[PDB]
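Novice: This one is an experimental structure. Sequence first:
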There are 2 protein chains.
Amino acid sequence: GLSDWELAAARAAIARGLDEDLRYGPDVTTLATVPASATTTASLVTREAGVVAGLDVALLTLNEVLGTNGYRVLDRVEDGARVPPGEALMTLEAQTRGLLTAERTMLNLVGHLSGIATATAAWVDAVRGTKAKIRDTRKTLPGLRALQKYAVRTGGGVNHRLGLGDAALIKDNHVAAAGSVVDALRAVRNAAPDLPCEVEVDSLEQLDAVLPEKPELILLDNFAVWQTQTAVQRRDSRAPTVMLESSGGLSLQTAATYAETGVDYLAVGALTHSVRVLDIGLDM
Amino acid sequence: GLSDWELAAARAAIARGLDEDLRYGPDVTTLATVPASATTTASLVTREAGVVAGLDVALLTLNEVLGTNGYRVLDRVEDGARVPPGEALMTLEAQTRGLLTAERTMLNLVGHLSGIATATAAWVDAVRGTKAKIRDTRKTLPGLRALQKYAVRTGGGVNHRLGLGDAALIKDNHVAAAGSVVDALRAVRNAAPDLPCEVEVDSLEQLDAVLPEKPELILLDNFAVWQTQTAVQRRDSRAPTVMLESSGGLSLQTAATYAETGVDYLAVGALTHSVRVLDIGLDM
Ligand SMILES: O=C(O)c1cccnc1C(=O)O
Ligand SMILES: O=C(O)c1cccnc1C(=O)O
């Protein structure tokens, strides 16, 4: 479910969402059309198929708008559930005004997160029968990292680092600064020897240069499938304990091809940047 | 450029972005590889074509990380510029450590906002030769509405309402609550007779019923092209002053056909939910 940190990230997001909606005044239109005493049974229903994620975030939105004792959940599906088109994700009974005010914020969050989990489950199916795991990146939206990371996990992927001090990842700009891949690698080993280290290589030459150093992980940056295969062959013979992760020109159509080379992971930025919403509506 | 509200939204976003990155500890890898005294000229360069938006947000991230006197902008492109693949959006000279730490948050913001401006510009080209304007919706991400709304405007779109009290919009759930389309419309007229009112109809029957009431705008919910043409013909004959807006089963491939019917606007939720990042890198 949501973690302590994820829950707090969630409340903060629902709080910013509601404030964007209410900043210009109250919900004049629902105030004018529905009485305070109104109550309904409404359903979060999908207009399309996908994997559901972020259903608790819906409940948190209601808590914020209606208060915990302001609604009742008659039925609900579990996050991670693969779902067909007119499926009712959650049925609840609540004061109508509260629902109509919470609606857009609530729908926007779960449609976004379900979008993420739906995509990641696609990648996960793509590399099935391979040892490869799908991983995310730090290409997340400011303020939503904890929720986006949660959604990929829900769709079956595995999280990469959550931030900069979380783990080390020597990139092209460090190698440049350090003047060398090995230089950079050594430098970070000396500075934070307790920290996981990933080194990013963009060529087979660099790959040969760092394999002996035995870093935890090497990220193959934009390798062609034939280069990824060579990379795997070199690693298997020289440093069996080093893990390989592809990142770069990955597409869902090519994902199995790369996976088949034997790499350990596929790092997919699109899982978090470039997400397509799962279309969900609130039906009363 | 950015307004006071967009500026504050931007600062709030960059602040959330950086905290996500630094929450676990400092940037160990750049601290270990690049000296405090280091300085470079770096460029924000696109890996693909599109429309640029959010460059100011890049400068704001540096202000936050390097301080105003921590960097120098040698060159920059203007927001709204149509840009080719290897184009340099902005070239600057700054302390290297500051750049590497600001990088991901900076790239994530401008890449997102450029993806939005890029897409809205495609719709705008699509309905070119028509009087139709591309508008957005409230289907925005929590905490990013002001920026996303700014971006569609940059791409050539026009913003719809910013929140719930901004303007009235009678939706299906209000119609259900009010029992009738006409009931609902009347109710809001009585309650906020000064505020802008848009009424959403999902049938020509409903359309016929509200046309006489003369609302400011009528949102045609999921009308087929032929129904949109009829709607425009009836509006032109019965209530010339009523403005029509298509929202629903709109696709970039169908955009011009709908625009040609004569509607005044096309409300596109995809512009802000479902956005694909404009790929941009920081080259040193
Ligand atoms: O920083 C990361 O963890 C990361 C890991 C794999 C691929 N990309 C990234 C990135 O955001 O640049
Ligand atoms: O509420 C709005 O502003 C709105 C306006 C046009 C289309 N959709 C919406 C929506 O978010 O439901």
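Specialist: Done, it's in. Numbering: from 1, shown residues only, chains lettered A, B, ... in the order given. Ligands and ions are numbered 1, 2, ... in the order given.
Novice: Without its sequence neighbours, what residue ends up closest to residue A:27?
Specialist: residue B:164 (4.3 Å; C-beta to C-beta, 6 or more residues apart in numbering or on different chains). Any C-beta I mention is one placed from the backbone N, CA and C, and that applies to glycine too.
Novice: do you know how far the one you found is from ligand 2?
Specialist: 8 Å (C-beta to the nearest ligand atom, to the nearest Å).
Novice: just checking, that residue touches residue A:18?
Specialist: No - with contacts counted by C-beta atoms under 8 Å, residue B:164 stays clear of residue A:18, the gap being 9.6 Å.
Novice: Could you look up the next helix or strand downstream of the top helix by length along chain A?
Specialist: Across chain A, the longest stretch assigned as helix under DSSP state H is helix A:96-126. Sequence-wise, the next helix or strand downstream of helix A:96-126 (DSSP states H and E) is strand A:133-135.
Novice: Flag every buried residue along that following strand.
Specialist: Residues A:133-135 are the ones in strand A:133-135 that count as buried (16 or more other C-beta atoms under 10 Å in any protein chain shown).
Novice: Whether it contacts chain B - can you check?
Specialist: No - Strand A:133-135 lies apart from chain B when judged by C-beta under 8 Å from any C-beta of the partner chain; the minimum separation is 16.0 Å.
Novice: From the contact counts, what lies against that strand?
Specialist: helix A:96-126, strand A:265-267 (3 or more C-beta pairs under 8 Å, 6 or more residues apart in numbering or on different chains; DSSP states H and E).
Novice: Up against ligand 1, what does the stretch 151-284 of chain A have?
Specialist: For the stretch 151-284 of chain A, the residues in contact with ligand 1 (C-beta under 6 Å from any ligand atom) are A:160-161, A:169, A:219, A:247, A:267, A:269.
Novice: Determine the number of other residues adjacent to the residue of the stretch 1-150 of chain A found nearest ligand 2.
Specialist: Taking C-beta to the nearest ligand atom, ligand 2 has its nearest neighbour within the stretch 1-150 of chain A at residue A:104, 5.6 Å off. Using other C-beta atoms under 10 Å in any protein chain shown, residue A:104 has 22 neighbouring residues.
Novice: which ones are touching it?
Specialist: A:21, B:138-139 (C-beta atoms under 8 Å, 6 or more residues apart in numbering or on different chains).
Novice: Repeat that for residue A:152.
Specialist: A:116-117, A:120, A:134, A:136, A:158-159, A:271-272.
Novice: In ChimeraX, select just the buried ones from those residues.
Specialist: In ChimeraX, a selection of the buried entries from the contacts of residue A:152 looks like this (16+ other C-beta under 10 Å):
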select /A:116,117,120,134,136,271,272
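Novice: Looking at the contacts of residue A:152, which one is closest to ligand 1?
Specialist: Taking C-beta to the nearest ligand atom as the measure, ligand 1 lies nearest residue A:136 of the contacts of residue A:152, at 7.7 Å.
Novice: Excluding chain neighbours, what is closest to residue A:109?
Specialist: residue A:57 (4.8 Å).
Novice: what about that neighbour, distance to residue A:79?
Specialist: Going from residue A:57 to residue A:79 by C-beta to C-beta, to the nearest Å gives 9 Å.
Novice: The two: which is more packed in?
Specialist: Neighbour count, other C-beta under 10 Å: between residue A:57 and residue A:79, residue A:57 has more, with 28 against 23.
Novice: Need the phi and psi values for the residue in the stretch 151-284 of chain A that ligand 2 sits nearest to.
Specialist: Proximity of the stretch 151-284 of chain A to ligand 2 (C-beta to the nearest ligand atom) peaks at residue A:281, 10.0 Å away. When read as degrees, to the nearest 10, the backbone of residue A:281 gives phi -130, psi 160.
Novice: Enumerate every residue touching the residue nearest to residue A:27.
Specialist: Contacts for residue B:164 (C-beta under 8 Å, 6+ apart) come out as A:21-22, A:24-29, A:101.
Novice: among the residues you listed, who's most crowded?
Specialist: If you rank these by neighbour count (other C-beta under 10 Å), residue A:29 sits at the top with 28 neighbours.
Novice: wait, isn't that one in contact with residue B:177?
Specialist: No - Residue A:29 is not in contact with residue B:177 according to C-beta under 8 Å; the separation is 10.2 Å.
Novice: picking that back up, if I look at the residue nearest to residue A:109, how far off is residue A:234?
Specialist: Counting by C-beta to C-beta, the gap from residue A:57 to residue A:234 is 44 Å.
Novice: what are the ranges of the helices in the stretch 101-250 of chain A?
Specialist: A:145-154, A:172-178, A:181-191, A:204-210, A:225-238 (DSSP state H, counting those that start in this stretch).
Novice: To residue B:8, which of those lies closest?
Specialist: Closest to residue B:8 of those is helix A:145-154 (C-beta to C-beta; 21.1 Å).
Novice: quick check: angle from that closest one to helix A:96-126?
Specialist: 50 degrees (axes from the mean of the first three to the mean of the last three C-alpha atoms, to 10 degrees).
Novice: Tell me how many other residues surround residue A:43.
Specialist: The number of residues packed around residue A:43, counting by other C-beta under 10 Å, is 18.
Novice: Kindly report the same for residue A:241.
Specialist: Residue A:241: 8 neighbours (other C-beta under 10 Å).
Novice: now residue A:93, what's its secondary structure?
Specialist: strand (DSSP: H, G, I helix; E, B strand; the rest coil).
Novice: Would you agree it is in contact with residue A:66?
Specialist: No - with contact defined as C-beta under 8 Å, residue A:93 does not count as touching residue A:66 (10.8 Å).
Novice: for residue A:244, what are its contacts?
Specialist: A:217-218, A:220, A:228, A:231-232, A:235, A:262-265.
Novice: What is the nearest of the residues of the stretch 151-284 of chain A next to ligand 1 to chain B?
Specialist: residue A:169 (6.4 Å; C-beta to the nearest C-beta).
Novice: what sits opposite that closest one in the beta ladder?
Specialist: Note on residue A:169: beta-bridge partners residue A:198, judged by DSSP bridges.
Novice: Just give the nearest non-adjacent residue to residue A:213, would you?
Specialist: Residue A:213 sits nearest to residue A:185 (C-beta to C-beta, 6+ apart), 5.3 Å away.
Novice: Run through the residues that contact that neighbour.
Specialist: Neighbouring residues of residue A:185 by C-beta under 8 Å, 6+ apart: A:170, A:197, A:199, A:210, A:213, A:215.
Novice: could these go into a markdown table alongside neighbour count and distance to ligand 2?
Specialist: Shown next, in a markdown table, are these (neighbours: other C-beta atoms under 10 Å in any protein chain shown; distance: C-beta to the nearest ligand atom, whole Å):
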| residue | neighbour count | distance to ligand 2 |
| --- | --- | --- |
| A:170 | 28 | 43 |
| A:197 | 22 | 45 |
| A:199 | 27 | 45 |
| A:210 | 22 | 49 |
| A:213 | 16 | 52 |
| A:215 | 26 | 47 |
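Novice: Output those as TSV; include the columns distance to residue B:38.
Specialist: Formatted as TSV, the contacts of residue A:185 follow (distance: C-beta to C-beta, whole Å):
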residue	distance to residue B:38
A:170	16
A:197	21
A:199	20
A:210	23
A:213	24
A:215	23
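Novice: Nice, that's everything, thank you.
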